[PDB]
Structures are given as C-alpha cells and as structure tokens.
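Shown next as structure tokens: one chain only, the form deposited in one PDB entry.
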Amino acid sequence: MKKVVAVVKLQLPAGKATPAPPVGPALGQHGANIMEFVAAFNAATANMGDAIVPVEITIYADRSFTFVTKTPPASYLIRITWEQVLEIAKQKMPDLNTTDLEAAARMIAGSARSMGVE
C-alpha cells in the first residue's frame, strides 16, 4: 500500500488488446503504462482464444497497476439447454456473489432461458 486511485472495469477480446480505446483513455487518464498493460493482458489471456475477457485494472498513486481477469460472462458461455450448468456453476464461483459452491445453477439456467435459449 500503495494508494489506489482507480479501479477500471473493461471487457476485451482474449490476447488481442491494443493501445486503442478503451484501453488508451481508460488507463491514460490515470497515467498508467498503456503498452505495459497491453503486453501483459495479451500474454495472460493468450490461450483463451476468442473468449471475451472482463478485466479489472487497479491503478495506484505511483501510476503502477495490477489487474484481474474474469471467468468470464455467462452470456458468452451460454452461446438448446443441455447439461450446461454441471460445470458452468463451478465456473461462476469467482464471479457470482453468492457464498455457496452449489447454489448457483438455480440462477444461471433461468438466466439462460431469456436469450432466448430452450
């Protein structure tokens, strides 16, 4: 610590981030190293292929940063309802706020219905 000055929430394609917006202005307004983030994000999400990656960039007062990539979103993982949530419910553990390993599938399958997926 290391005072936090910003927490930037973005959603970027895996391994194909660029210094172009939103990354440019989103990190640039706080003086964070854009090229450093671009290189690091791309390597961290490299194997994921075409998956849409939500990312949280924490920017500090010394202009340095750290970031956390996400699960990612259910709306991507949905795209015909089969035994989808036998592993998706275990995927949404570090994304959903509910403090239970089991109580998640009872909400993902319902949210899948309106898309509309049968």
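Between two forms, the rigid core is defined as the largest C-alpha subset superposing within 1.5 Å. One-based numbering along the sequence shown.
- Deposited sequence between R79 and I80: 10 or more residues lack coordinates.
- Taking only CA atoms, the mean B-factor in the PDB entry is higher for 87-95 than for the other of 87-95 and 65-73.
- Averaged over their C-alpha atoms, the temperature factors of 20-28 and 101-109 are higher for 101-109.
Missing here is the form deposited in another entry; even so, the following discussion is about that form.
- Only one entry in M93, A61, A43, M35 has its C-alpha moved by 2 angstroms or more between this form and the one not shown when the rigid core is superposed, and that entry is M93.
- Superposed on the core, the two forms barely differ at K9: its CA moves less than 2 Å between this form and the one not shown.
- Once the cores line up, the CA of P22 ends up less than 2 angstroms apart between this form and the one not shown.
- Between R113 and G49, the C-alpha separation shrinks by 3 Å or more in that other deposited form, relative to the conformation displayed.
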